[PDB]
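Printed here is data.pdb (PDB, C-alpha atoms):
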ATOM      1  CA  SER A   1      22.298  -6.139 -16.134  1.00  0.00           C
ATOM      2  CA  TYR A   2      20.639  -8.151 -13.325  1.00  0.00           C
ATOM      3  CA  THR A   3      16.853  -7.875 -12.913  1.00  0.00           C
ATOM      4  CA  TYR A   4      15.047  -9.152  -9.815  1.00  0.00           C
ATOM      5  CA  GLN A   5      11.421  -9.817  -8.829  1.00  0.00           C
ATOM      6  CA  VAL A   6      10.676 -10.189  -5.120  1.00  0.00           C
ATOM      7  CA  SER A   7       7.669 -12.504  -4.834  1.00  0.00           C
ATOM      8  CA  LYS A   8       6.749 -11.681  -1.265  1.00  0.00           C
ATOM      9  CA  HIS A   9       7.159  -7.893  -1.556  1.00  0.00           C
ATOM     10  CA  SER A  10       3.539  -6.915  -2.284  1.00  0.00           C
ATOM     11  CA  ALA A  11       2.147  -9.017   0.544  1.00  0.00           C
ATOM     12  CA  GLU A  12       4.820  -7.719   2.913  1.00  0.00           C
ATOM     13  CA  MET A  13       4.007  -4.128   1.905  1.00  0.00           C
ATOM     14  CA  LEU A  14       0.322  -4.664   2.639  1.00  0.00           C
ATOM     15  CA  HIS A  15       1.135  -6.457   5.892  1.00  0.00           C
ATOM     16  CA  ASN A  16       3.167  -3.485   7.093  1.00  0.00           C
ATOM     17  CA  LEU A  17       0.444  -1.031   6.037  1.00  0.00           C
ATOM     18  CA  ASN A  18      -2.036  -3.095   8.026  1.00  0.00           C
ATOM     19  CA  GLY A  19       0.378  -2.960  10.967  1.00  0.00           C
ATOM     20  CA  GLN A  20       0.527   0.831  10.754  1.00  0.00           C
ATOM     21  CA  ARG A  21      -3.274   0.945  10.891  1.00  0.00           C
ATOM     22  CA  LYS A  22      -3.570  -1.493  13.771  1.00  0.00           C
ATOM     23  CA  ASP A  23      -0.851   0.262  15.812  1.00  0.00           C
ATOM     24  CA  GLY A  24      -2.853   3.372  16.598  1.00  0.00           C
ATOM     25  CA  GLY A  25      -3.243   4.610  13.028  1.00  0.00           C
ATOM     26  CA  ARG A  26       0.404   5.251  12.132  1.00  0.00           C
ATOM     27  CA  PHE A  27       0.710   7.371   8.973  1.00  0.00           C
ATOM     28  CA  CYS A  28      -3.103   7.265   8.652  1.00  0.00           C
ATOM     29  CA  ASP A  29      -4.675  10.413   7.229  1.00  0.00           C
ATOM     30  CA  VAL A  30      -8.390   9.697   7.559  1.00  0.00           C
ATOM     31  CA  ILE A  31     -10.595   8.521  10.394  1.00  0.00           C
ATOM     32  CA  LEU A  32     -13.692   6.706   9.222  1.00  0.00           C
ATOM     33  CA  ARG A  33     -16.555   7.562  11.573  1.00  0.00           C
ATOM     34  CA  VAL A  34     -18.982   4.633  11.361  1.00  0.00           C
ATOM     35  CA  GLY A  35     -21.664   4.921  14.001  1.00  0.00           C
ATOM     36  CA  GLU A  36     -19.907   5.405  17.308  1.00  0.00           C
ATOM     37  CA  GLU A  37     -16.670   3.813  16.191  1.00  0.00           C
ATOM     38  CA  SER A  38     -13.665   5.234  14.417  1.00  0.00           C
ATOM     39  CA  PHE A  39     -11.338   3.515  11.948  1.00  0.00           C
ATOM     40  CA  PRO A  40      -8.005   5.076  11.024  1.00  0.00           C
ATOM     41  CA  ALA A  41      -6.976   4.252   7.481  1.00  0.00           C
ATOM     42  CA  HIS A  42      -4.845   5.473   4.602  1.00  0.00           C
ATOM     43  CA  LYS A  43      -6.811   7.406   1.973  1.00  0.00           C
ATOM     44  CA  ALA A  44      -4.381   6.041  -0.631  1.00  0.00           C
ATOM     45  CA  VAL A  45      -5.033   2.412   0.384  1.00  0.00           C
ATOM     46  CA  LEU A  46      -8.777   3.015   0.458  1.00  0.00           C
ATOM     47  CA  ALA A  47      -8.655   4.542  -3.026  1.00  0.00           C
ATOM     48  CA  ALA A  48      -6.592   1.611  -4.282  1.00  0.00           C
ATOM     49  CA  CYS A  49      -9.353  -0.908  -3.506  1.00  0.00           C
ATOM     50  CA  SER A  50     -12.591   1.130  -3.702  1.00  0.00           C
ATOM     51  CA  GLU A  51     -13.772   3.222  -6.642  1.00  0.00           C
ATOM     52  CA  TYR A  52     -16.081   4.949  -4.161  1.00  0.00           C
ATOM     53  CA  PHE A  53     -13.297   6.162  -1.867  1.00  0.00           C
ATOM     54  CA  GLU A  54     -11.141   6.969  -4.899  1.00  0.00           C
ATOM     55  CA  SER A  55     -13.858   9.260  -6.265  1.00  0.00           C
ATOM     56  CA  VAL A  56     -14.624  10.812  -2.875  1.00  0.00           C
ATOM     57  CA  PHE A  57     -11.111  11.634  -1.740  1.00  0.00           C
ATOM     58  CA  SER A  58     -10.290  12.825  -5.267  1.00  0.00           C
ATOM     59  CA  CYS A  59     -13.319  15.094  -5.619  1.00  0.00           C
ATOM     60  CA  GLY A  60     -10.662  16.511   5.609  1.00  0.00           C
ATOM     61  CA  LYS A  61      -9.361  14.337   8.440  1.00  0.00           C
ATOM     62  CA  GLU A  62     -12.562  12.360   9.062  1.00  0.00           C
ATOM     63  CA  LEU A  63     -15.304  10.872   6.912  1.00  0.00           C
ATOM     64  CA  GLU A  64     -18.611   9.919   8.500  1.00  0.00           C
ATOM     65  CA  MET A  65     -20.052   6.740   6.947  1.00  0.00           C
ATOM     66  CA  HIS A  66     -23.808   6.678   7.385  1.00  0.00           C
ATOM     67  CA  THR A  67     -25.098   3.578   5.578  1.00  0.00           C
ATOM     68  CA  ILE A  68     -22.730   0.763   6.671  1.00  0.00           C
ATOM     69  CA  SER A  69     -22.730  -0.930  10.080  1.00  0.00           C
ATOM     70  CA  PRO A  70     -19.446  -0.991  12.019  1.00  0.00           C
ATOM     71  CA  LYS A  71     -19.395  -4.808  12.078  1.00  0.00           C
ATOM     72  CA  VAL A  72     -19.610  -4.967   8.294  1.00  0.00           C
ATOM     73  CA  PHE A  73     -17.220  -2.091   7.696  1.00  0.00           C
ATOM     74  CA  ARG A  74     -14.606  -3.730   9.961  1.00  0.00           C
ATOM     75  CA  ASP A  75     -14.665  -6.833   7.737  1.00  0.00           C
ATOM     76  CA  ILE A  76     -14.427  -4.715   4.596  1.00  0.00           C
ATOM     77  CA  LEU A  77     -11.423  -2.799   5.951  1.00  0.00           C
ATOM     78  CA  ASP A  78      -9.727  -5.982   7.094  1.00  0.00           C
ATOM     79  CA  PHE A  79     -10.138  -7.349   3.584  1.00  0.00           C
ATOM     80  CA  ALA A  80      -8.611  -4.232   2.020  1.00  0.00           C
ATOM     81  CA  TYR A  81      -5.567  -4.513   4.293  1.00  0.00           C
ATOM     82  CA  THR A  82      -5.130  -8.318   4.429  1.00  0.00           C
ATOM     83  CA  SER A  83      -6.625  -9.954   1.260  1.00  0.00           C
ATOM     84  CA  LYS A  84      -8.897 -12.088   3.519  1.00  0.00           C
ATOM     85  CA  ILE A  85     -12.660 -11.682   3.799  1.00  0.00           C
ATOM     86  CA  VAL A  86     -14.753 -13.537   6.344  1.00  0.00           C
ATOM     87  CA  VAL A  87     -18.315 -13.705   4.979  1.00  0.00           C
ATOM     88  CA  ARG A  88     -20.866 -14.082   7.797  1.00  0.00           C
ATOM     89  CA  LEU A  89     -24.285 -15.208   6.567  1.00  0.00           C
ATOM     90  CA  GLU A  90     -25.876 -13.393   9.526  1.00  0.00           C
ATOM     91  CA  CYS A  91     -24.954 -10.071   7.878  1.00  0.00           C
ATOM     92  CA  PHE A  92     -24.399 -11.232   4.304  1.00  0.00           C
ATOM     93  CA  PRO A  93     -27.052  -9.004   2.679  1.00  0.00           C
ATOM     94  CA  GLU A  94     -25.411  -5.979   4.273  1.00  0.00           C
ATOM     95  CA  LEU A  95     -21.915  -7.033   3.171  1.00  0.00           C
ATOM     96  CA  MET A  96     -23.028  -7.421  -0.423  1.00  0.00           C
ATOM     97  CA  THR A  97     -24.840  -4.083  -0.436  1.00  0.00           C
ATOM     98  CA  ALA A  98     -21.815  -2.342   1.104  1.00  0.00           C
ATOM     99  CA  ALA A  99     -19.429  -3.953  -1.386  1.00  0.00           C
ATOM    100  CA  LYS A 100     -21.678  -2.752  -4.228  1.00  0.00           C
ATOM    101  CA  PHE A 101     -21.871   0.779  -2.819  1.00  0.00           C
ATOM    102  CA  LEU A 102     -18.104   0.919  -2.346  1.00  0.00           C
ATOM    103  CA  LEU A 103     -17.379  -0.670  -5.761  1.00  0.00           C
ATOM    104  CA  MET A 104     -14.958  -3.180  -4.286  1.00  0.00           C
ATOM    105  CA  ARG A 105     -14.874  -5.543  -7.235  1.00  0.00           C
ATOM    106  CA  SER A 106     -13.123  -8.363  -5.393  1.00  0.00           C
ATOM    107  CA  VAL A 107     -15.674  -8.441  -2.608  1.00  0.00           C
ATOM    108  CA  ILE A 108     -18.612  -8.156  -5.020  1.00  0.00           C
ATOM    109  CA  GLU A 109     -17.248 -11.143  -6.927  1.00  0.00           C
ATOM    110  CA  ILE A 110     -16.982 -13.065  -3.658  1.00  0.00           C
ATOM    111  CA  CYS A 111     -20.544 -12.226  -2.623  1.00  0.00           C
ATOM    112  CA  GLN A 112     -21.784 -13.376  -6.016  1.00  0.00           C
ATOM    113  CA  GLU A 113     -20.121 -16.743  -5.315  1.00  0.00           C
ATOM    114  CA  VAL A 114     -21.766 -17.078  -1.906  1.00  0.00           C
ATOM    115  CA  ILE A 115     -25.220 -16.529  -3.445  1.00  0.00           C
ATOM    116  CA  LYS A 116     -24.544 -19.289  -5.966  1.00  0.00           C
ATOM    117  CA  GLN A 117     -23.972 -21.606  -2.982  1.00  0.00           C
ATOM    118  CA  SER A 118     -27.013 -20.446  -0.974  1.00  0.00           C
TER     119      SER A 118
ATOM    120  CA  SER B   1     -19.166 -19.270   7.522  1.00  0.00           C
ATOM    121  CA  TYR B   2     -17.321 -18.771   4.199  1.00  0.00           C
ATOM    122  CA  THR B   3     -13.728 -17.486   4.316  1.00  0.00           C
ATOM    123  CA  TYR B   4     -11.920 -16.216   1.216  1.00  0.00           C
ATOM    124  CA  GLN B   5      -8.319 -15.345   0.299  1.00  0.00           C
ATOM    125  CA  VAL B   6      -7.788 -13.244  -2.823  1.00  0.00           C
ATOM    126  CA  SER B   7      -4.377 -14.199  -4.218  1.00  0.00           C
ATOM    127  CA  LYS B   8      -3.925 -11.224  -6.499  1.00  0.00           C
ATOM    128  CA  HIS B   9      -5.129  -8.571  -4.025  1.00  0.00           C
ATOM    129  CA  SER B  10      -1.767  -7.466  -2.591  1.00  0.00           C
ATOM    130  CA  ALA B  11      -0.162  -7.084  -6.002  1.00  0.00           C
ATOM    131  CA  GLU B  12      -3.222  -5.246  -7.308  1.00  0.00           C
ATOM    132  CA  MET B  13      -3.140  -2.910  -4.291  1.00  0.00           C
ATOM    133  CA  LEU B  14       0.509  -2.078  -4.924  1.00  0.00           C
ATOM    134  CA  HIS B  15      -0.131  -1.684  -8.652  1.00  0.00           C
ATOM    135  CA  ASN B  16      -2.846   0.881  -7.975  1.00  0.00           C
ATOM    136  CA  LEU B  17      -0.654   2.731  -5.461  1.00  0.00           C
ATOM    137  CA  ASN B  18       2.063   2.876  -8.100  1.00  0.00           C
ATOM    138  CA  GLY B  19      -0.533   4.218 -10.541  1.00  0.00           C
ATOM    139  CA  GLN B  20      -1.490   6.976  -8.108  1.00  0.00           C
ATOM    140  CA  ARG B  21       2.175   7.975  -7.867  1.00  0.00           C
ATOM    141  CA  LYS B  22       2.781   7.891 -11.602  1.00  0.00           C
ATOM    142  CA  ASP B  23      -0.398   9.873 -12.377  1.00  0.00           C
ATOM    143  CA  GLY B  24       0.813  13.175 -10.989  1.00  0.00           C
ATOM    144  CA  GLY B  25       1.187  12.072  -7.373  1.00  0.00           C
ATOM    145  CA  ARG B  26      -2.435  11.232  -6.544  1.00  0.00           C
ATOM    146  CA  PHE B  27      -2.962  10.902  -2.778  1.00  0.00           C
ATOM    147  CA  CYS B  28       0.795  11.459  -2.304  1.00  0.00           C
ATOM    148  CA  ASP B  29       1.744  13.371   0.834  1.00  0.00           C
ATOM    149  CA  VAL B  30       5.490  13.829   0.416  1.00  0.00           C
ATOM    150  CA  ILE B  31       7.683  15.105  -2.384  1.00  0.00           C
ATOM    151  CA  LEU B  32      11.179  13.680  -2.311  1.00  0.00           C
ATOM    152  CA  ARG B  33      13.604  16.375  -3.459  1.00  0.00           C
ATOM    153  CA  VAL B  34      16.621  14.523  -4.867  1.00  0.00           C
ATOM    154  CA  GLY B  35      18.972  16.913  -6.600  1.00  0.00           C
ATOM    155  CA  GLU B  36      16.913  18.887  -9.074  1.00  0.00           C
ATOM    156  CA  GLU B  37      14.193  16.285  -9.378  1.00  0.00           C
ATOM    157  CA  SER B  38      11.090  15.658  -7.334  1.00  0.00           C
ATOM    158  CA  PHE B  39       9.383  12.346  -6.571  1.00  0.00           C
ATOM    159  CA  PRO B  40       5.867  12.266  -5.145  1.00  0.00           C
ATOM    160  CA  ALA B  41       5.308   9.282  -2.893  1.00  0.00           C
ATOM    161  CA  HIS B  42       3.181   8.030  -0.024  1.00  0.00           C
ATOM    162  CA  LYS B  43       4.867   8.369   3.375  1.00  0.00           C
ATOM    163  CA  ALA B  44       2.992   5.226   4.451  1.00  0.00           C
ATOM    164  CA  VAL B  45       4.343   3.184   1.513  1.00  0.00           C
ATOM    165  CA  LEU B  46       7.850   4.510   2.093  1.00  0.00           C
ATOM    166  CA  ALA B  47       7.655   3.569   5.776  1.00  0.00           C
ATOM    167  CA  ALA B  48       6.380   0.109   4.865  1.00  0.00           C
ATOM    168  CA  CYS B  49       9.559  -0.763   2.940  1.00  0.00           C
ATOM    169  CA  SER B  50      12.280   1.395   4.558  1.00  0.00           C
ATOM    170  CA  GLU B  51      13.190   1.498   8.243  1.00  0.00           C
ATOM    171  CA  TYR B  52      14.877   4.820   7.473  1.00  0.00           C
ATOM    172  CA  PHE B  53      11.733   6.523   6.167  1.00  0.00           C
ATOM    173  CA  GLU B  54       9.684   4.855   8.908  1.00  0.00           C
ATOM    174  CA  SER B  55      11.929   6.392  11.571  1.00  0.00           C
ATOM    175  CA  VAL B  56      12.084   9.788   9.858  1.00  0.00           C
ATOM    176  CA  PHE B  57       8.403  10.334   9.188  1.00  0.00           C
ATOM    177  CA  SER B  58       7.605   8.956  12.651  1.00  0.00           C
ATOM    178  CA  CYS B  59      10.083  11.152  14.517  1.00  0.00           C
ATOM    179  CA  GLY B  60       6.359  18.399   6.226  1.00  0.00           C
ATOM    180  CA  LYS B  61       5.357  18.141   2.570  1.00  0.00           C
ATOM    181  CA  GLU B  62       8.858  17.691   1.125  1.00  0.00           C
ATOM    182  CA  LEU B  63      12.010  15.853   2.148  1.00  0.00           C
ATOM    183  CA  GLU B  64      15.318  16.794   0.555  1.00  0.00           C
ATOM    184  CA  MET B  65      17.529  13.730  -0.008  1.00  0.00           C
ATOM    185  CA  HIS B  66      21.165  14.764  -0.117  1.00  0.00           C
ATOM    186  CA  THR B  67      23.230  11.575  -0.442  1.00  0.00           C
ATOM    187  CA  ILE B  68      21.459   9.547  -3.176  1.00  0.00           C
ATOM    188  CA  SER B  69      21.576  10.289  -6.907  1.00  0.00           C
ATOM    189  CA  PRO B  70      18.251  10.689  -8.732  1.00  0.00           C
ATOM    190  CA  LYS B  71      19.030   7.775 -11.072  1.00  0.00           C
ATOM    191  CA  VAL B  72      19.553   5.430  -8.137  1.00  0.00           C
ATOM    192  CA  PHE B  73      16.644   6.764  -6.112  1.00  0.00           C
ATOM    193  CA  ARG B  74      14.290   6.290  -9.093  1.00  0.00           C
ATOM    194  CA  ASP B  75      15.189   2.580  -9.179  1.00  0.00           C
ATOM    195  CA  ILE B  76      14.728   2.275  -5.423  1.00  0.00           C
ATOM    196  CA  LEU B  77      11.287   3.907  -5.576  1.00  0.00           C
ATOM    197  CA  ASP B  78      10.246   1.773  -8.521  1.00  0.00           C
ATOM    198  CA  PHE B  79      11.203  -1.296  -6.515  1.00  0.00           C
ATOM    199  CA  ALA B  80       9.153  -0.168  -3.512  1.00  0.00           C
ATOM    200  CA  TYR B  81       6.084   0.316  -5.716  1.00  0.00           C
ATOM    201  CA  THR B  82       6.479  -2.627  -8.139  1.00  0.00           C
ATOM    202  CA  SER B  83       8.525  -5.462  -6.486  1.00  0.00           C
ATOM    203  CA  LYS B  84      11.034  -5.253  -9.398  1.00  0.00           C
ATOM    204  CA  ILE B  85      14.587  -3.952  -9.099  1.00  0.00           C
ATOM    205  CA  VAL B  86      16.840  -3.396 -12.084  1.00  0.00           C
ATOM    206  CA  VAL B  87      20.444  -3.568 -10.834  1.00  0.00           C
ATOM    207  CA  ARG B  88      22.800  -1.611 -13.117  1.00  0.00           C
ATOM    208  CA  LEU B  89      26.464  -2.469 -12.560  1.00  0.00           C
ATOM    209  CA  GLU B  90      27.397   1.050 -13.711  1.00  0.00           C
ATOM    210  CA  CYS B  91      25.898   2.418 -10.473  1.00  0.00           C
ATOM    211  CA  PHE B  92      25.876  -0.742  -8.363  1.00  0.00           C
ATOM    212  CA  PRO B  93      28.091   0.577  -5.536  1.00  0.00           C
ATOM    213  CA  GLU B  94      25.716   3.504  -5.112  1.00  0.00           C
ATOM    214  CA  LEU B  95      22.626   1.270  -5.125  1.00  0.00           C
ATOM    215  CA  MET B  96      24.059  -0.943  -2.413  1.00  0.00           C
ATOM    216  CA  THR B  97      25.095   2.014  -0.266  1.00  0.00           C
ATOM    217  CA  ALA B  98      21.658   3.617  -0.671  1.00  0.00           C
ATOM    218  CA  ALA B  99      19.871   0.363   0.169  1.00  0.00           C
ATOM    219  CA  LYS B 100      22.008   0.073   3.319  1.00  0.00           C
ATOM    220  CA  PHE B 101      21.321   3.679   4.330  1.00  0.00           C
ATOM    221  CA  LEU B 102      17.591   3.248   3.759  1.00  0.00           C
ATOM    222  CA  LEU B 103      17.484  -0.182   5.473  1.00  0.00           C
ATOM    223  CA  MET B 104      15.567  -1.756   2.613  1.00  0.00           C
ATOM    224  CA  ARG B 105      16.218  -5.363   3.538  1.00  0.00           C
ATOM    225  CA  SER B 106      14.993  -6.811   0.250  1.00  0.00           C
ATOM    226  CA  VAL B 107      17.286  -4.644  -1.828  1.00  0.00           C
ATOM    227  CA  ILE B 108      20.262  -5.230   0.482  1.00  0.00           C
ATOM    228  CA  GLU B 109      19.727  -8.971   0.108  1.00  0.00           C
ATOM    229  CA  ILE B 110      19.646  -8.548  -3.668  1.00  0.00           C
ATOM    230  CA  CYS B 111      22.852  -6.504  -3.726  1.00  0.00           C
ATOM    231  CA  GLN B 112      24.561  -9.154  -1.621  1.00  0.00           C
ATOM    232  CA  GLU B 113      23.625 -11.688  -4.323  1.00  0.00           C
ATOM    233  CA  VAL B 114      25.047  -9.542  -7.118  1.00  0.00           C
ATOM    234  CA  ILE B 115      28.402  -9.289  -5.307  1.00  0.00           C
ATOM    235  CA  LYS B 116      28.533 -13.073  -5.005  1.00  0.00           C
ATOM    236  CA  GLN B 117      28.261 -13.191  -8.814  1.00  0.00           C
ATOM    237  CA  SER B 118      30.819 -10.431  -9.493  1.00  0.00           C
TER     238      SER B 118
END
Translate the structure of the given file into structure tokens.
Amino acid sequence: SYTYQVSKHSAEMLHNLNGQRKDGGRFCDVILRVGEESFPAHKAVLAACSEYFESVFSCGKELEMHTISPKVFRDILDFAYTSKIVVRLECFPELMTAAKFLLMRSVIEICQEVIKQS
Amino acid sequence: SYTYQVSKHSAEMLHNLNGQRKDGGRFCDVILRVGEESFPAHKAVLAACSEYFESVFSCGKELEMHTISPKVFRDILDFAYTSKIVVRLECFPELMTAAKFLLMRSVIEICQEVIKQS
């Protein structure tokens, strides 16, 4: 009888999921081991933005990531949880390669735009 | 050096989380037992939109919900996962009471608007 859309809901949901991650890994069910460092995350969130993690977790508390540097993987995770990517030309080849490997379409598209400007 | 915002990312993240739920509870870690019915969900998503579920899961595969009808709880879950609430006057008192009990601020605010129109 009355139907309502809440514009800010999706961004607020992702903000609070990012807050859970940043506050000591609340409700996080996987620890990404990337070099020496560890990144708590939500398998469900990772699967929502990466066809790689979707396939992996579909097909187990930690996952050791061998081919991505912690600096680059931090930026990729922050993107997944915030919608913002900071592209640093100093490690741009590695970001693009990691976005390809993880099948993160949004980040791939962004890297393809940076090349067109470079 | 180049910083990017992806407008549609948060809505796409929530869309894919809703898809995981609807497709047999993929990556879901709690089953909400509400009467006879069962609702797979993500504890992390539930905590992101409900101070009740945040407190509960913070303070265990299923959770039996005793005081909310399955019709109403279906609408509340669909809101959490889609940003859309369909307010049915036939069960509006129960929706408001459930939104209060679950401390879902967005839905409370919406119910307060329906009363002002009623």
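Among the candidates A:1, A:118, A:58, A:82, the residue lying nearest to residue B:20 is A:58 (atoms considered: all atoms listed in the file).
The interatomic distance for the pair atom CA of residue B:14 and atom CA of residue A:59 works out to 22.1 Å.
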Please provide chain A as a short mmCIF file (atom, residue, chain, number, x, y, z; two decimals) with C-alpha atoms, keeping the file's coordinate frame, once it has been superposed on chain B by least squares across all sequentially paired Cα atoms.
data_model
loop_
_atom_site.label_atom_id
_atom_site.label_comp_id
_atom_site.auth_asym_id
_atom_site.auth_seq_id
_atom_site.Cartn_x
_atom_site.Cartn_y
_atom_site.Cartn_z
CA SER A 1 -19.17 -19.27 7.52
CA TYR A 2 -17.32 -18.77 4.20
CA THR A 3 -13.73 -17.49 4.32
CA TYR A 4 -11.92 -16.22 1.22
CA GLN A 5 -8.32 -15.35 0.30
CA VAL A 6 -7.79 -13.24 -2.82
CA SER A 7 -4.38 -14.20 -4.22
CA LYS A 8 -3.93 -11.22 -6.50
CA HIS A 9 -5.13 -8.57 -4.03
CA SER A 10 -1.77 -7.47 -2.59
CA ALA A 11 -0.16 -7.08 -6.00
CA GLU A 12 -3.22 -5.25 -7.31
CA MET A 13 -3.14 -2.91 -4.29
CA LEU A 14 0.51 -2.08 -4.92
CA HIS A 15 -0.13 -1.68 -8.65
CA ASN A 16 -2.85 0.88 -7.98
CA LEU A 17 -0.65 2.73 -5.46
CA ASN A 18 2.06 2.88 -8.10
CA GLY A 19 -0.53 4.22 -10.54
CA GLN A 20 -1.49 6.98 -8.11
CA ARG A 21 2.17 7.97 -7.87
CA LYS A 22 2.78 7.89 -11.60
CA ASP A 23 -0.40 9.87 -12.38
CA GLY A 24 0.81 13.17 -10.99
CA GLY A 25 1.19 12.07 -7.37
CA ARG A 26 -2.44 11.23 -6.54
CA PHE A 27 -2.96 10.90 -2.78
CA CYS A 28 0.79 11.46 -2.30
CA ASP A 29 1.74 13.37 0.83
CA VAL A 30 5.49 13.83 0.42
CA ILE A 31 7.68 15.11 -2.38
CA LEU A 32 11.18 13.68 -2.31
CA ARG A 33 13.60 16.37 -3.46
CA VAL A 34 16.62 14.52 -4.87
CA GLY A 35 18.97 16.91 -6.60
CA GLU A 36 16.91 18.89 -9.07
CA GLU A 37 14.19 16.28 -9.38
CA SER A 38 11.09 15.66 -7.33
CA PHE A 39 9.38 12.35 -6.57
CA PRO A 40 5.87 12.27 -5.14
CA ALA A 41 5.31 9.28 -2.89
CA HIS A 42 3.18 8.03 -0.02
CA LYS A 43 4.87 8.37 3.37
CA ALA A 44 2.99 5.23 4.45
CA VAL A 45 4.34 3.18 1.51
CA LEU A 46 7.85 4.51 2.09
CA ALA A 47 7.66 3.57 5.78
CA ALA A 48 6.38 0.11 4.87
CA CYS A 49 9.56 -0.76 2.94
CA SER A 50 12.28 1.39 4.56
CA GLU A 51 13.19 1.50 8.24
CA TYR A 52 14.88 4.82 7.47
CA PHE A 53 11.73 6.52 6.17
CA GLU A 54 9.68 4.85 8.91
CA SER A 55 11.93 6.39 11.57
CA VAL A 56 12.08 9.79 9.86
CA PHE A 57 8.40 10.33 9.19
CA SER A 58 7.61 8.96 12.65
CA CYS A 59 10.08 11.15 14.52
CA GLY A 60 6.36 18.40 6.23
CA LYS A 61 5.36 18.14 2.57
CA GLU A 62 8.86 17.69 1.12
CA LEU A 63 12.01 15.85 2.15
CA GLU A 64 15.32 16.79 0.56
CA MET A 65 17.53 13.73 -0.01
CA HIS A 66 21.17 14.76 -0.12
CA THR A 67 23.23 11.57 -0.44
CA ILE A 68 21.46 9.55 -3.18
CA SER A 69 21.58 10.29 -6.91
CA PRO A 70 18.25 10.69 -8.73
CA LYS A 71 19.03 7.78 -11.07
CA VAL A 72 19.55 5.43 -8.14
CA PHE A 73 16.64 6.76 -6.11
CA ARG A 74 14.29 6.29 -9.09
CA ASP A 75 15.19 2.58 -9.18
CA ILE A 76 14.73 2.27 -5.42
CA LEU A 77 11.29 3.91 -5.58
CA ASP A 78 10.25 1.77 -8.52
CA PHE A 79 11.20 -1.30 -6.51
CA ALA A 80 9.15 -0.17 -3.51
CA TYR A 81 6.08 0.32 -5.72
CA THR A 82 6.48 -2.63 -8.14
CA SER A 83 8.53 -5.46 -6.49
CA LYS A 84 11.03 -5.25 -9.40
CA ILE A 85 14.59 -3.95 -9.10
CA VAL A 86 16.84 -3.40 -12.08
CA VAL A 87 20.44 -3.57 -10.83
CA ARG A 88 22.80 -1.61 -13.12
CA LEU A 89 26.46 -2.47 -12.56
CA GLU A 90 27.40 1.05 -13.71
CA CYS A 91 25.90 2.42 -10.47
CA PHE A 92 25.87 -0.74 -8.36
CA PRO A 93 28.09 0.58 -5.54
CA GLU A 94 25.72 3.50 -5.11
CA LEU A 95 22.63 1.27 -5.13
CA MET A 96 24.06 -0.94 -2.41
CA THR A 97 25.10 2.01 -0.27
CA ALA A 98 21.66 3.62 -0.67
CA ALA A 99 19.87 0.36 0.17
CA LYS A 100 22.01 0.07 3.32
CA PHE A 101 21.32 3.68 4.33
CA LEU A 102 17.59 3.25 3.76
CA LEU A 103 17.48 -0.18 5.47
CA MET A 104 15.57 -1.76 2.61
CA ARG A 105 16.22 -5.36 3.54
CA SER A 106 14.99 -6.81 0.25
CA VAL A 107 17.29 -4.64 -1.83
CA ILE A 108 20.26 -5.23 0.48
CA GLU A 109 19.73 -8.97 0.11
CA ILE A 110 19.65 -8.55 -3.67
CA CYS A 111 22.85 -6.50 -3.73
CA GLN A 112 24.56 -9.15 -1.62
CA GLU A 113 23.63 -11.69 -4.32
CA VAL A 114 25.05 -9.54 -7.12
CA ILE A 115 28.40 -9.29 -5.31
CA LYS A 116 28.53 -13.07 -5.00
CA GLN A 117 28.26 -13.19 -8.81
CA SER A 118 30.82 -10.43 -9.49
#
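Remark: for residue A:36, the closest of the candidate residues A:50, A:16, A:5, A:69 is A:69 (distances computed over all atoms listed in the file).
The two atoms in question, atom CA of residue A:106 and atom CA of residue A:61, are spaced 26.8 Å apart.
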task = Please identify every residue of chain B that has at least one atom no more than 8 Å from any atom of chain A, counting all atoms listed in the file, and report them as number ranges by chain.
result = B: 1-7, 9-11, 13-14, 16-17, 27-28, 42-45, 48-49, 58, 82-89, 106, 110, 114
Using the selection just defined, write its residues with C-alpha atoms as a short mmCIF file (atom, residue, chain, number, x, y, z; two decimals), in the coordinates of the input.
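Contents of the output file again-v7.cif:
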data_model
loop_
_atom_site.label_atom_id
_atom_site.label_comp_id
_atom_site.auth_asym_id
_atom_site.auth_seq_id
_atom_site.Cartn_x
_atom_site.Cartn_y
_atom_site.Cartn_z
CA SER B 1 -19.17 -19.27 7.52
CA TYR B 2 -17.32 -18.77 4.20
CA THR B 3 -13.73 -17.49 4.32
CA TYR B 4 -11.92 -16.22 1.22
CA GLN B 5 -8.32 -15.34 0.30
CA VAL B 6 -7.79 -13.24 -2.82
CA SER B 7 -4.38 -14.20 -4.22
CA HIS B 9 -5.13 -8.57 -4.03
CA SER B 10 -1.77 -7.47 -2.59
CA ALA B 11 -0.16 -7.08 -6.00
CA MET B 13 -3.14 -2.91 -4.29
CA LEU B 14 0.51 -2.08 -4.92
CA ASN B 16 -2.85 0.88 -7.98
CA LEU B 17 -0.65 2.73 -5.46
CA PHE B 27 -2.96 10.90 -2.78
CA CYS B 28 0.80 11.46 -2.30
CA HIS B 42 3.18 8.03 -0.02
CA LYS B 43 4.87 8.37 3.38
CA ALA B 44 2.99 5.23 4.45
CA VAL B 45 4.34 3.18 1.51
CA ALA B 48 6.38 0.11 4.86
CA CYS B 49 9.56 -0.76 2.94
CA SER B 58 7.60 8.96 12.65
CA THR B 82 6.48 -2.63 -8.14
CA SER B 83 8.52 -5.46 -6.49
CA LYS B 84 11.03 -5.25 -9.40
CA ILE B 85 14.59 -3.95 -9.10
CA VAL B 86 16.84 -3.40 -12.08
CA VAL B 87 20.44 -3.57 -10.83
CA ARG B 88 22.80 -1.61 -13.12
CA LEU B 89 26.46 -2.47 -12.56
CA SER B 106 14.99 -6.81 0.25
CA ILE B 110 19.65 -8.55 -3.67
CA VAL B 114 25.05 -9.54 -7.12
#
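Distance-wise, atom CA of residue B:62 and atom CA of residue B:32 end up 5.8 Å apart.
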